[PDB]
Structure formats: C-alpha cells, structure tokens
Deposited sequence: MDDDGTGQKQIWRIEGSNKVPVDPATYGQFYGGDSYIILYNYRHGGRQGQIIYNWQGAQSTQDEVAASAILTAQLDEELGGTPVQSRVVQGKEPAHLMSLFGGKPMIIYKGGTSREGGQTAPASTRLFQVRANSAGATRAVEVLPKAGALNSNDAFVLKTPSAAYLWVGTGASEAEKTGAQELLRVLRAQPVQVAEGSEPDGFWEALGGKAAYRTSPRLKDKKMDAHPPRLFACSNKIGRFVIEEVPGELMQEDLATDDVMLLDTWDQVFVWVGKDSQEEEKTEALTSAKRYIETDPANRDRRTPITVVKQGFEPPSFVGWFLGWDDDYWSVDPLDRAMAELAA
C-alpha cells in the first residue's frame, strides 16, 4: 500500500450489537477490551479507493467479535460492495493502518465496554509501555502499574493523580521516546524525565515500591538480529516449526504447543501447559541444531516465566490464563 494515510476516516466502536461513532478528537486511541471498524477513504495513483479495517483488541470478547462481523457485512453492503476488507488483531497491524493517525502512536487503554458493565473508568495510577518496531511504527499499551512491568528495551509513561514520569530504558529508541511524549500530551500531564538506573524515590513509590523488573543484556542493547518467535507443534501428525510475525504478544504463545524465542544471544523454550512431551524434546533438538549451524538454551514453563523472557512481549497480564 503506497497511500500516505491522510485520507478521510471514520472510526466506530462495537457496543453490543451496534457500531457507535468514536470521538474524532480521540482517533488513534482504542480500548484493548473492544473491537472497532475503520472506514478509510483515500485517493492514490489517480483513483479513489476504500478500505475497511476490522480491528480486534486483545481482550475483546467473542460476542463483540461476532457482532462486528455482522456490522461489517452491513457496512460493506450499504456501500455497494466496493471496499477492500482486512481483518487485524491488536499488535499485527500493517504499516498502512499505523500511518492513518498522522505520525502519532496507536494508544491502547486497559478496559473498554460490555453489555453488562458498561464503560469502565480509568484507574487513577496508570502505566504505559511504549514500543516501536524496526520501521518506526509505535504502540503505547496500558498495563498494570507495578515495578515488575518495566523493561529496559522500551520507554514507559507513568501517570498518577499527583505526578507524571517518562521512564527511558537503556535500550529504548528515539521513536519510543517521541511516542511517550505524544501519549503524555493526550493525558494532559507534564513529565519528569527519568533514565533507567537513576530513578527518583517518588517514581518507585508510585509503582508500589521498588522491585526487580524485565531486563537482560539483549533487552538493554541499543544497537539492535531482532528477536524471533516460533510455534513448534506435532498436532498435524508430524513435528513442525513456523515463525510468528509482528509484535510479540502473550496471545501468540499457544498453550497446547511449545514456543521458541530466539534473542540471538539466547534461546527460550516456552512449554505450554497442554503441550505433549515429544513437542518439547524435538523443540530442544531443533534449537540446538539451529544454533550449531553458525548460547544458552533456557526452558521455561507457562505461568512461571522469568523476567528475561517476558520483557520481549508488548503487554503482559499475570492472570491471562
């Protein structure tokens, strides 16, 4: 897609069985608990065009997903069947969708709406993980405001009732720092800038006390062989290993298989709780083989992941499974 992302867009959120307009002043901000529809009208190389992006937040329920399916069939038909359709889950957005918000980062809040509970209110202390990919696309994902949630590879924003902080990992890029600044503008708070290793007492206090967090040599490295995740499985009748692209999300770890995370200087073998013995044995064999064609191999179990592993994921919830 060569279009520059500056065409007219409309964004609706799924609320029960309806789609409901989102405040246009907040375009680029989404609730991870919800599902959205973006109708993007553009003009490129002489001709007009249309795309519908169906965006699914990582905590969106199965009924929201079914309701957007009907809602998109309705929109498609209202428009005469003219648009290009594309389904997208959180963290796997193509470049073109990321460009729609004017160089701003996509911001993803905790919470959302449901038929039962309505619109959740924002917490009074919130933490945001700001990560950008090789190509400069930036995502700011809200997580639980604990010290353990930090990782040296990224920038973070911390907003309390009384103060705001912009924490900067040793490994954080300039695109991640810029993105944190833009989140801070949307939050209407002015930051105290904080480098990793020289945090003020107020920063730790606001996170609930100082603690160990997600770090390693590789996570700390600025230079960036950026890490690769693989799914290993014998569910089809034989053992195979395929790559999982896009941002590393916790949903990508298949709980009935074994996963390999290659951070170059190390290889993690994550073992799903419903994976079979043979999947782990063969994955250990394949990792060892891949390494020797040119390094610790660390085995980790679902629910008992060390911080060196978890730091590579964009958002982690300890009560996800």
Legend entry - Ranges of the deposited sequence (numbered from 1) for which no C-alpha atom is modelled: 225-226, 297-303, 331-344
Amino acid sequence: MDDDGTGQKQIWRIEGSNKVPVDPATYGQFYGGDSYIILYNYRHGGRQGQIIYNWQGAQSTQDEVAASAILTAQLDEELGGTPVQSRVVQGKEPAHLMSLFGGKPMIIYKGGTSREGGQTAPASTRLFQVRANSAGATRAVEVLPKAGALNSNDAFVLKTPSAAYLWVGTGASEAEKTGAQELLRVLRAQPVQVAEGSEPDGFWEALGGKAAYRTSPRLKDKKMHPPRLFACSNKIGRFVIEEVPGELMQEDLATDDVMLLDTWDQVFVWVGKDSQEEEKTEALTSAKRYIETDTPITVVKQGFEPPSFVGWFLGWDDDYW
From here on, numbers count along this sequence of modelled residues.
Legend entry - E242 left out of the model in a third or more of other PDB entries: yes
Inset, instruction - Give yes or no for this: do at least a third of the other compared entries, each modelling residues before and after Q85, lack coordinates for it? - result: no
Legend entry - 203-211 or 88-96, whichever carries the higher mean Cα B-factor: 203-211
Inset, instruction - Could you check the entry and say whether 149-157 or 225-233 has the higher mean CA B-factor? - result: 225-233
Legend entry - Assigned third (lowest, middle, highest) for the C-alpha B factor of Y42: middle
Inset, instruction - Check where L284 lands among this chain's C-alpha B-factors and tell me if it's the lowest, middle or highest third. - result: highest
Legend entry - Chain third (lowest, middle, highest) by recorded CA B-factor, residue given as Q29: lowest
Legend entry - Cα B factor band for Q119 (lowest, middle or highest third within the chain): highest
Legend entry - Where the record places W167 (Cα B-factor, split into thirds across the chain): lowest
